[PDB]
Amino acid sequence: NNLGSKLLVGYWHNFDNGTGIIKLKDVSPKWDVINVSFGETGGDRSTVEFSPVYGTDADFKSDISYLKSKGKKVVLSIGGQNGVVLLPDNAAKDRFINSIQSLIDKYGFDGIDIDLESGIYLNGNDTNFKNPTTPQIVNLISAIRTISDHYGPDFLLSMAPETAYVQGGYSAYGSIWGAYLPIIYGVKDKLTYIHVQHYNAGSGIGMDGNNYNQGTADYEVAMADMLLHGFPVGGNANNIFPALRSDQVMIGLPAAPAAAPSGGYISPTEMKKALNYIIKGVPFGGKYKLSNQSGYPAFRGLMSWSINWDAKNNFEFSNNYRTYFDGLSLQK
């Protein structure tokens, strides 16, 4: 896929929410991947649809080809308030698969991003993340594998679940708690990276059993470390969720305070402390102790909601973190 080792992945508003529309060619080159937000659904909650917020279909395709020629990736994100996906059975699953492939074919997207919240949860008795039994989860995994298999090894697959669905699995396994764990595990060989939303999250319990507060360096390290290292699920020491490759692990952050109205924004100064600890093993006097002393140098980078918020906030996120990653001189 020719993706770099330290990425900035930015969500791109296919809409004007007050922050304005940025045409694709006007997006800062500091973003490596652009997650077009969002493919949406109608009555049947399964047929995904997408139309460019500006200009014609042909021109949007051309814009995407241009970006791709510059080494960027353009990914279709599925989710948002108007992108609820429900796959209770095979019929629904097929509408989903076919509609997504049609959109990828039409616009030349490099892959898809799963940003689903509503609709995802574990049924009773669904107890094993390696072998899920909830139809929504089973069918989403199947659809994702089918789509990725359709496009081959270069297909880009990402996802942006909220913490309850991933790290929350440390506390409970059922309902929304840990509900993305089977999805992640089920598609791990196809997964390019996961960027959990470390925002609008309140607090989170680390693998050390301690509580950490969103928007702090300790919290960022504690939450990422769970995917970098793996962790016991639902208080069961014998049910360990395995580590992902470090190059599959990113952290999702708000570009500006207002990009996450319930909190989660962290200053670049504090975030760089977290990054230096995660990547280089260099501590910063925090309470959280990293699982691997020497660090996880192949940690993949940062995601942000969003490109549009970033541009409205003096490009603080993109400028700070591009410089940080560009300045790394990792040896190994």
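From 1 onward, residues are counted along the sequence shown.
In this entry, 61 to 69 has the higher mean Cα B-factor, the comparison being between 272 to 280 and 61 to 69.
Relative to one another, 251 to 259 and 86 to 94 have unequal mean CA B-factors, and 86 to 94 is the one with the higher figure. You'll see in the entry that, of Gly264, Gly43, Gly295, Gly301, the Cα B factor peaks at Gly43. Listed residues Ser158, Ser171, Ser175, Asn239 were ranked by CA B-factor as deposited; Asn239 comes out on top. Placement of the Cα temperature factor of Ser28 within the chain: middle third of the modelled residues, per the deposited record. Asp154: CA B factor lies in the highest third for its chain, per the PDB record.
Ranked against the other modelled residues of its chain, the C-alpha B-factor of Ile307 as given in the entry falls in the lowest third. Placement of the Cα temperature factor of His195 within the chain: lowest third of the modelled residues, per the deposited record.
Annotation for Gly215: C-alpha temperature factor in the middle third relative to the rest of the modelled chain, per the entry.
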